[PDB]
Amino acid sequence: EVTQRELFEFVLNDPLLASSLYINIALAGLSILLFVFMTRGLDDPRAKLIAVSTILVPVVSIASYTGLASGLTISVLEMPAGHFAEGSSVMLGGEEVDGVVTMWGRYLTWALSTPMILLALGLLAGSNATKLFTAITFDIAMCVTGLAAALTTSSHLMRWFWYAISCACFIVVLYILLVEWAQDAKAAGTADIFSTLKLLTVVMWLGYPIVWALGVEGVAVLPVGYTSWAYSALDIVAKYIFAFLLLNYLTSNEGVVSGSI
């Protein structure tokens, strides 16, 4: 029976939690203003497809993070027997409440932002339509099963099963990035920039399943506030700096990526 306001106040009044959240609303807002400014000189429709898709990353981010900060996409959940976070309580409103303050809203940010990042990368890599579809479908699957795992409270073993499935989907995304697009970029004339962003993406994305396993949703070594900053830190690199680097290139090489959408 925890209200949204109660959760909104718990975030505020919790400097660790509030900061990892409000800082991204802020940074997402700046990225947007900056990116629109950087890209206002493009003309080719294909280059502009790469631009709006990249720019949509922080748009999704600022909206979703507002979802978290407002308490709209945060619920309190009790972990199943054997779960390392079973036995937690949090004090909400003015009483102790069993459960863990669960930021499931992060999965909405991901399910809606990762496909935009893959879209921009695939296009930059000159990918055909089959590889984009494969990458984006499995990536979405990865995010949805991740959310399903966080949301599962009936069985501790069930949680880790969703997690495994999500990992399998993640492998498909990684194979496309590391094996297929790495080569398609040579044919597209963007071998080096793609390779840079390919590494950045792979290194950063691998951080998420580790944080999940280590954070409150998993082994619980990282309490709620900390698992949150871990995710917020990854987001800043995987979303904002990534986009900046991608747009920095596109904004100086419009002609290399230009052509039929």
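Superpose the two forms; the largest set of C-alphas matching within 1.5 Å is the rigid core. Residue numbers run from 1 along the displayed sequence.
Practice task
Overlaying the structures in 8 other deposited structures of this protein on the rigid core, point out which of 107-115 and 147-155 has the bigger RMS C-alpha shift.
Solution key: Comparing 147-155 with 107-115, the one that moves more in 8 other deposited structures of this protein is 107-115.
Handout entry: Higher C-alpha RMS shift from the shown form in 8 other deposited structures of this protein - 168-176 or 80-88, rigid core fit
Key = Checking 168-176 against 80-88 in 8 other deposited structures of this protein, I find the farther stretch is 80-88.
Practice task
Using the B-factors recorded in the PDB entry, average over the C-alpha atoms of 38-46 and of 66-74, then report which stretch comes out higher.
Solution key: Result: 38-46.
Problem - Given 125-133 and 95-103, the range whose Cα B-factors average higher in the PDB entry - result: Taking the mean B-factor of the alpha carbons in each, 95-103 is higher.
Practice task
Going by the CA temperature factor in the entry, name the top one among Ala149, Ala120, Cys143, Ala81.
Solution key: Result of the comparison over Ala149, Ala120, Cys143, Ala81: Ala81.
Problem - Residue, from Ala191, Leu157, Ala111, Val172, that the PDB entry assigns the highest Cα B-factor - result: Largest recorded C-alpha B-factor: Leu157.
Exercise for the section: Relative to the other modelled residues of the same chain, rank the CA B-factor of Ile241 and answer lowest, middle or highest third. Expected result: Middle third by C-alpha B-factor.
Practice task
Among all modelled residues of this chain, ranked by Cα B factor, put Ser228 in the bottom, middle or top third, i.e. lowest, middle or highest.
Solution key: Its C-alpha B-factor belongs to the middle third of this chain's values.
Problem - Third of chain Cα B-factors occupied by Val90 - result: Tercile = highest for this residue's CA B-factor.
Practice task
Would you mind checking where the Cα B-factor of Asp184 ranks among the modelled residues of its chain, as the lowest, middle or highest third?
Solution key: Answer is highest: the recorded C-alpha B-factor places it there.
Problem - Chain thirds of CA B-factor: placement of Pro209 - result: It belongs to the lowest third of the chain when residues are ordered by C-alpha B-factor.
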